[PDB]
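**Student:** Residue numbers (our numbering), protein chains in the order written: chain D, 103 to 542; chain S, 103 to 542; chain C, 103 to 542; chain B, 103 to 542.
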């Protein structure tokens, strides 16, 4: 599979990518000089955990096009933007390794965390590798990196051998954490890359990400091996943690630069933990917002408390019966039809096991709103806008511009299944609907 | 005349209604198994007293549609809501009889007393007819009502005969308080209803209105006959009065269930009295609203106390001299010109005996400010809107859409050309004028 | 509710009708001189039995328009055709009483049993009431009926009294099977009719239905009371049974002409029996047809037998689990995807309790058919035709004109819920799909 | 340029107006019998001082329509209201001369000081010119003004000669403070007016503005010449000052009525001083808005404090070196390139002495917007909209509709000098750019 990110002369620039599994999108950005297939140990684990795994090969690496231009992090991040937009990924998590951390930092800084839910940095370059006067926390001076470029240009194939020796810490890990054959494959992948890209890549390593770091607002994870030879822990992760103290910090003892394979077990554990925790963290903050908004329209009393209880139960994951819940709603004495309708919409939306209940009439009759053609006109116009929308805060603001009558019908469109919007947006709509009703 | 309240299959559900007279809207909700025409003795009296009488037939009764669904008080109240909103009634009084009492309680509870000014309950079902463990004040157990439904299903036509026998207490009242022909008509009206509705109605009688009662905030009247066979006074009105002690309680001695006809004179007397009382009650709440709004613009001090006292005196009926008041106003310090104008407007409006005093110059100069308001078009367009208006709340909301400058000029037009708007509307304007000034 | 069936001068001709309940449509055609409300005892029972009850008032009767034209069975049947077509009734059962049997016979003869599933004749006029030379089985000669017309014209109101005496056999049944009040109501309904229609109707009674009878192909029921005074059993039902020996014959002993009320219990039992039996009779013949067609594409073996067994189980009503059935289908070794797809469509369509299974991908991927735009073009064109169609034989023929590839996609449209067709038509499609595949 | 203020018969009533310069709006209302061009000496000074000068001709005067109706200050003020609302001026300063002072007083009184920031009265009519019993401080009685009207009607052209003799105090000022040619032009302007307006205007002079005066809440300036023959100082300004003691009072010694030209230097000085207090007040509120918006994108730390200080310094007028600031900006390690670009744009825009500093490379590369042709296209579309815009709030709103990428490139267009927008608009863009960045 390929995604076109540019054009070089008579040829086009396409990136090889892979899209597997169903769930929240997790983008895995490989490091030098490998490819997307490097994540296979992580990829295997993430697929088991019910995630949607997306991997791609950087330009001039793996199966991607090998142009002789655009080897800078502004172009690398631009490519990632194209990738995310082409696939239309929403609420996705970016995971970068080695060079890949640079792409994450730069994209977030330059394009914003709109589509991004969280970020993870494994074996990061950040904040600045170059050792200069203003940056004494650099790993090595300019002259050093110039040596690497010249080394690759001398003989890239022979370079790869020496490269992977410190990439995996073979003197320690060979025959224990990484096999001879596994290394052999990595070398093949390296050779498969572009000759130009090979020597062009090291110049990108001393990129100054210090300006990109503050723009990271989504939950972050910083992971790094102490036995990292290529990128020394202290010149990278340790100072990176000072720049981003909010980030979850993980130090894997004795892990080499290539810990994705060698210490895969420690990596998976740490990553899957961070992902599951950050997911439930944003689920709770979303559901508590929905609760307060829905309860805002319900009049204070013993009924309000009962509703609050059943809402908490389904939000907590306590598999309640839906036929019973709906029969309970239908039979309520002081609740207004619209209130019952909104509640009916919210319960079907949040309940995982629909159990087999056909779209109830009492909910449908509540949301239609007299079946005014004036109301259904604004409802489709709003529906068009919500299809493009993804953020909850984004979906709520644009919906607020519409009247309470138009909003109710819009909810009815979705309920009847004449509409296909994401849950975050659907919650945006219902919260906006509740807000208008509360002010009436 | 019909109002669509729903839809059943290929057909729509419309309720037959009647709208007569001009004045404050009085909605009369009939009981089982009759129709809106039952109120004819009350309607005749209410029309004489200059009220606007609105009657409608419950679904499956009289000239209304006869569906086989929606025979519950939640649906009954929804229908009433549609009726009130379709006609856009404001500050109206709901009067219920037998079953009609259930609709009043439920609507007030579920939809709020926004459009409602006061409520009346004649021969009420409230609070709970069903005799259970938690409710020993019930009239009869579940098994009893199951007999009635089965009795109606057996032969509804033959049932009506036995029903009206106790409905009017015929052994006593026939040939005395109700004629053979009058009952004959009642029987016809009963038969004219829906066959399904006939047997569906008794199940609604044991509805638990105990939760609906506390939500009654508007002035209430509870009337009931002591000789009521259908709904025994002690299991209904007496316990209802304990639940709603604020309500005006009337016990008609020896009156049967269908006292609307038999003891019509006693009923009319009591009802017109309560209505007249609720008018003065809402008149007071109107003047207290005007006081607070007028007082909102006057700066705290000894003058504010003097004005508030002088306002209370004229509101109480303590007939003050107007030439003196106006001379008193004219000579007040610290008073903004607009403030003196508003007060001058209020005083001429509230003082009964204007004595024959020519339109004061200082008020004209205080509000209008030497500029002729008639020339200003915005003042006239609002004046045009206020001529159509009747309610205080209706006049105040539409006036708020205009700027403070336009409102002052509008007040000037009324004062100058000896305005021809109702006092209730006139107060809406001044309160709206005060509200704009209070903010900026 | 009204349905316009014509126009008389400046006015239009509308028929009052009622549409209640959900299920198979049962049309109840009243007799002289009553209205649709006459069925109330039958109507009450039919609604309990989960039927859709449709009643209407004949022109010049009950709440219908009262024109001075069109009082002949060709017009009466034309009105019924309009009624059936306006409501778009499908697979409906016609039930006629007294005059109403004439409408059933004439409509079936003149318009065909396309929309009709079965017919019932209670207190029939058929085959010919007029006593002439060619028809000695007539009840009375021309001169007699001329007397009735003249009797109605003399005084219709006084006529009604004498009419209902023999209509109900009051000397026997009054105070036992029919109350004084019940009769009173019937008289009111009679008087409510048109003066012209009253005297015009008897001329319709001696209509020759002998030519209409052979055209009755749907299952029929003939019910009649032996104590029938208005229409003597021997001059009507007994000779009618000789003309239609296929019909289910029921003789209610001692029942009068008005047995709908008096002997309602015997009537309901007999009618509900005939309806339930005729329904299951057409359900079995439909399902056995579907079975043979579906099995035609499955290759002979142990798998074919297993499929046949699970098909019989769901058709018999044995509530099988659907998640299990679908998992069983998905996991089959030699079954082709299209075969699995067709089977997936058939099981969801026939299983009453969907249990809560989201539209399975394996079925969707089977029916899409490579997602050829050429196939989806013919599929919508066919879908348009099937929306108009209702008969299984009718739906199958028009579908056969389309290619196997186009048919599979059409099934996919319905499965995805982008289409709304009746079950009989849906079965027509699947059988046509199976037929094309079998010949490939 | 024209603004329609009414309609007279087949024709419409339009007022000629002029809108020049950028900044806070200053409305100049001319006197009798001239036009807006009379302010030319003031306009020249006000344009130099960076104001937005708006002048218009009164109905029947200058280039405005010459109707035969609406010659009263209620109509004059209505016209002014239309002008202010059509142009949607906000926080504007009204400056009136002779008759023009009447419009200011009346509009402020009748329409409120919503859009007005301050008011100025030069050679005022206020409070009341008519000499009566209740007003002994009047200049002349009714009979006198009737003489002027009759004088104009006799021969307006010959009247103009004698009028300007006392308007400018020609015996004193001719050949000294006003030239023969200047007067000649004034005469032409007078003759150019309407014949009807000419004789209708004097009747408006004895208008009672005494009630309008208290309604003036914005800061006021009262200027008047002692040598005023037309409107005697003691009967006008002196008594006006007693009515409005809060007002800034300026008496120009020996100045005639038409002091706008003769004593232009004294007038301008006094006026610009009074205006400068209100202008500097609104400049700061604009710069504080820009500051908060610019600081919004800078990440918290010691650097944020440093920037805010340097921003306050340049806004205060502290001539900071720009070459130093830009080098300081260029060398910051944690500032994002876009951030450096925006700040660079702001500094070049706010720093007066640009000192001939060439367009910095680092700013250009930040604003280029990744040289996306799609981003560059949207920027031009926005630039077209910004070319039409004039207000800061207006420029900010329309810019917010564009993406952050499109906004940055648009700033690049202006910075590179491929675009020409006003400073207020330019700030709108930069603030809109910051707002998008803050939201990510």
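Note that CB positions come from ideal geometry on N, CA and C, so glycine has one too.
1. Within 9 Å (strictly less), CB to CB, does residue 123 of chain C reach chain S?
2. Nearest chain C C-beta to residue 384 of chain S closer than 9 Å, yes or no?
3. When the cut-off is 9 Å and only beta carbons count, does residue 258 of chain S lie next to chain E?
4. Determine whether the beta carbon atoms of residue 157 of chain B and residue 120 of chain B lie at a separation below 9 Å.
5. In angstroms with no decimal places, state the Cα-to-Cα distance between residue 512 of chain D and residue 504 of chain D.
6. Could you tell me which chain B residues have their CB closer than 9 Å to the CB of residue 505 of chain S, listed as they occur along the chain?
7. Report buried or exposed for residue 382 of chain S, applying the criterion of at least 16 other Cβ atoms within 10 angstroms of its Cβ.
8. Taking the continuous beta strand (DSSP E) assigned at residue 304 of chain S, which residues delimit it?
9. How long is the line joining the alpha carbons of residue 141 of chain C and residue 248 of chain S, rounded to whole angstroms?
10. May I have the straight-line CA-CA distance separating residue 450 of chain C from residue 437 of chain C, to the nearest angstrom?
11. Can you check whether the C-beta of residue 308 of chain B is within less than 9 Å of a C-beta belonging to chain S?
12. With three or more beta-carbon pairs closer than 8 Å as the criterion, would you say the region 247–263 of chain B touches the region 326–341 of chain B?
13. Would you list, in chain order, the members of the region 471–502 of chain B that have their beta-carbon closer than 8 Å to a beta-carbon of chain D?
14. Just the chain C side, please: which residues come within less than 8 Å of residue 514 of chain D by C-beta, in chain order?
15. Can you confirm whether residue 311 of chain B, when its beta carbon is compared against all beta carbons of chain S, has any partner nearer than 9 Å?
16. Around the C-beta of residue 319 of chain D, are 16 or more other C-beta atoms found within 10 angstroms, so that it is buried, or is it exposed?
17. Could you check whether residue 154 of chain B and residue 125 of chain B sit closer than 9 Å to each other, using their CB atoms as the reference points?
18. Pull up the distance between the alpha-carbon of residue 213 of chain C and that of residue 524 of chain D, whole angstroms please.
19. Looking at C-alpha atoms only, which residue of B:190, B:385, B:282 and B:429 is the closest neighbour of residue 496 of chain B?
20. So, does the region 278–293 of chain D touch the region 302–313 of chain D, judging by three or more C-beta pairs under 8 Å?
21. Going by Cα to Cα distance, which pick from S:378, S:434 and S:358 is closest to residue 219 of chain S?
22. What are the boundary residues of the beta strand (DSSP E) that residue 219 of chain B is part of?
23. Starting from the C-beta of residue 149 of chain C, find all residues in its chain whose C-beta is less than 7 Å away, skip the five residues before and the five after it, and write them out in chain order.
24. Is the CB-CB distance between residue 222 of chain S and residue 196 of chain S below 9 Å?
25. May I ask you to verify whether the region 388–399 of chain D touches the region 227–244 of chain D, counting CB pairs closer than 8 Å and requiring at least 3?
26. Taking just the CA atoms, how far does residue 431 of chain C sit from residue 462 of chain C?
27. Is residue 514 of chain B near residue 460 of chain B, with beta carbons less than 9 Å apart?
28. Run through chain C and tell me which residues come within less than 9 Å of residue 144 of chain S, C-beta to C-beta.
29. Does the CB of residue 437 of chain B have a neighbour CB from chain D at under 9 Å?
30. Decide if the region 309–329 of chain S is in contact with the region 260–268 of chain S; the criterion is three or more beta carbon pairs, one per stretch, under 8 Å apart.
31. So, are the CB atoms of residue 405 of chain S and residue 455 of chain S less than 9 Å apart?
32. Is it the case that the Cβ atoms of residue 293 of chain C and residue 163 of chain C are separated by a distance below 9 Å?
33. Quick one: which residues of the region 261–272 of chain S get their C-beta closer than 9 Å to a C-beta of chain C? List them in chain order.
34. How big is the Cα-Cα spacing for residue 341 of chain C and residue 239 of chain C?
35. Can you tell me whether residue 520 of chain D is buried or exposed, with buried defined as 16 or more other CB within 10 angstroms of its CB?
36. Answer with buried or exposed for residue 407 of chain B, where buried requires no fewer than 16 other C-beta atoms within 10 angstroms of its C-beta.
**Tutor:** Short version:
1. In the third chain, residue 123 of chain C corresponds to position 21, counting from 1. By this cut-off, residue 123 of chain C is an interface position.
2. Within the second chain, the letter at position 282 stands for residue 384 of chain S. It does not; no Cβ of chain C falls within 9 Å.
3. Structure shown: chain E not included; protein chains present are D, S, C and B.
4. Sequence index remark: in the fourth chain, residue 157 of chain B carries index 55 (1-based). Sequence index remark: in the fourth chain, residue 120 of chain B carries index 18 (1-based). It is a contact, given that the beta carbons lie within the stated cut-off.
5. Sequence index remark: in the first chain, residue 512 of chain D carries index 410 (1-based). Sequence index remark: in the first chain, residue 504 of chain D carries index 402 (1-based). Taking the Cα positions, residue 512 of chain D is about 10 Å away from residue 504 of chain D.
6. Reading the second chain from its first residue, position 403 is the one you call residue 505 of chain S. 213, 214 and 216, listed in chain order.
7. In the second chain, the residue the question calls residue 382 of chain S occupies position 280. By the neighbour-count rule (16 or more Cβ atoms within 10 Å), residue 382 of chain S is not buried but exposed.
8. Residue mapping note: residue 304 of chain S aligns to position 202 of the second chain, counting from 1. For residue 304 of chain S, there is no enclosing beta strand (DSSP E), as DSSP marks it with neither H nor E.
9. The residue you call residue 141 of chain C lines up with position 39 of the third chain. The residue you call residue 248 of chain S lines up with position 146 of the second chain. About 23 Å.
10. Here residue 450 of chain C refers to the residue found at position 348 of the third chain. Here residue 437 of chain C refers to the residue found at position 335 of the third chain. Taking the straight line from one Cα to the other gives about 18 Å.
11. Sequence index remark: in the fourth chain, residue 308 of chain B carries index 206 (1-based). Chain S contact via Cβ: absent.
12. Judged by Cβ distances under 8 Å, the region 247–263 of chain B makes no contact with the region 326–341 of chain B, as fewer than three pairs qualify.
13. Along the region 471–502 of chain B, going in chain order, the ones with a CB nearer than 8 Å to a CB of chain D are 472.
14. Working through the first chain from its first residue, we reach residue 514 of chain D at position 412. Neighbours of residue 514 of chain D in chain C, taken as residues whose beta carbon is under 8 Å from its own, are absent, since the nearest beta carbon is some 16 Å off.
15. Taking the fourth chain and counting its residues from 1, one reaches residue 311 of chain B at position 209. Cβ-Cβ to chain S under 9 Å: yes for residue 311 of chain B.
16. One-based indexing of the first chain puts residue 319 of chain D at position 217. Residue 319 of chain D is exposed by the Cβ-count criterion.
17. What you label residue 125 of chain B is simply residue 23 of the fourth chain in a count that begins at 1. What you label residue 154 of chain B is simply residue 52 of the fourth chain in a count that begins at 1. The Cβ-Cβ distance between residue 125 of chain B and residue 154 of chain B falls below 9 Å.
18. Counting from 1 along the third chain, the entry for residue 213 of chain C is found at position 111. Counting from 1 along the first chain, the entry for residue 524 of chain D is found at position 422. Cα to Cα, the separation comes out at about 51 Å.
19. Numbered from its first residue, the fourth chain carries residue 496 of chain B at position 394. Nearest option by C-alpha distance: B:190.
20. The region 278–293 of chain D, when compared against the region 302–313 of chain D, does not touch it at the 8 Å Cβ threshold.
21. To locate residue 219 of chain S, count along the second chain from 1; it is residue 117. Sorting S:378, S:434 and S:358 by C-alpha distance to the C-alpha of residue 219 of chain S places S:378 at the top.
22. Counting from one through the fourth chain, the residue named residue 219 of chain B turns up at place 117. In the DSSP assignment, residue 219 of chain B falls within the beta strand (DSSP E) that extends over 218–224.
23. One-based indexing of the third chain puts residue 149 of chain C at position 47. Same-chain partners within the cutoff: 122, 123 and 155.
24. For the purposes of this step, residue 222 of chain S is identified with residue 120 of the second chain, where counting begins at 1. For the purposes of this step, residue 196 of chain S is identified with residue 94 of the second chain, where counting begins at 1. In contact: residue 222 of chain S and residue 196 of chain S (Cβ atoms closer than 9 Å).
25. No: the two stretches stay apart, fewer than three of their Cβ pairs being nearer than 8 Å.
26. Against the third chain, residue 462 of chain C aligns to sequence position 360. Against the third chain, residue 431 of chain C aligns to sequence position 329. When rounded, the separation of the alpha-carbon atoms in residue 462 of chain C and residue 431 of chain C is 11 Å.
27. Start at 1 with the first residue of the fourth chain, and residue 514 of chain B comes out as number 412. Start at 1 with the first residue of the fourth chain, and residue 460 of chain B comes out as number 358. One thing to note: residue 514 of chain B has its Cβ no nearer than 9 Å to the Cβ of residue 460 of chain B.
28. Walking along the second chain from the start, residue 144 of chain S turns up at place 42. Near residue 144 of chain S there are no residues of chain C at all, since even the closest Cβ is about 27 Å away, more than 9 Å.
29. Here the question's residue 437 of chain B lines up with position 335 in the fourth chain. Interface residue, yes.
30. No: the two stretches stay apart, fewer than three of their Cβ pairs being nearer than 8 Å.
31. Translated into positions along the second chain, residue 405 of chain S becomes position 303. Translated into positions along the second chain, residue 455 of chain S becomes position 353. Between residue 405 of chain S and residue 455 of chain S, the C-beta spacing is not below 9 Å.
32. As a position in the third chain, residue 293 of chain C is number 191, starting the count at 1. As a position in the third chain, residue 163 of chain C is number 61, starting the count at 1. Cβ atoms of residue 293 of chain C and residue 163 of chain C: not closer than 9 Å.
33. For the region 261–272 of chain S, the residues whose beta carbon sits under 9 Å from a beta carbon of chain C are, in order, 261, 262 and 263.
34. The sequence position of residue 341 of chain C within the third chain is 239, counting from 1. The sequence position of residue 239 of chain C within the third chain is 137, counting from 1. Whole-angstrom Cα-Cα distance: 8 Å.
35. The residue labelled residue 520 of chain D in the question sits at position 418 within the first chain. In the assembly as shown, residue 520 of chain D is an exposed residue. Its beta-carbon has fewer than 16 other beta-carbons within 10 Å.
36. Here residue 407 of chain B corresponds to residue number 305 of the fourth chain, with the count starting at 1. By the beta-carbon neighbour count (other beta carbons within 10 angstroms, threshold 16), residue 407 of chain B is exposed.
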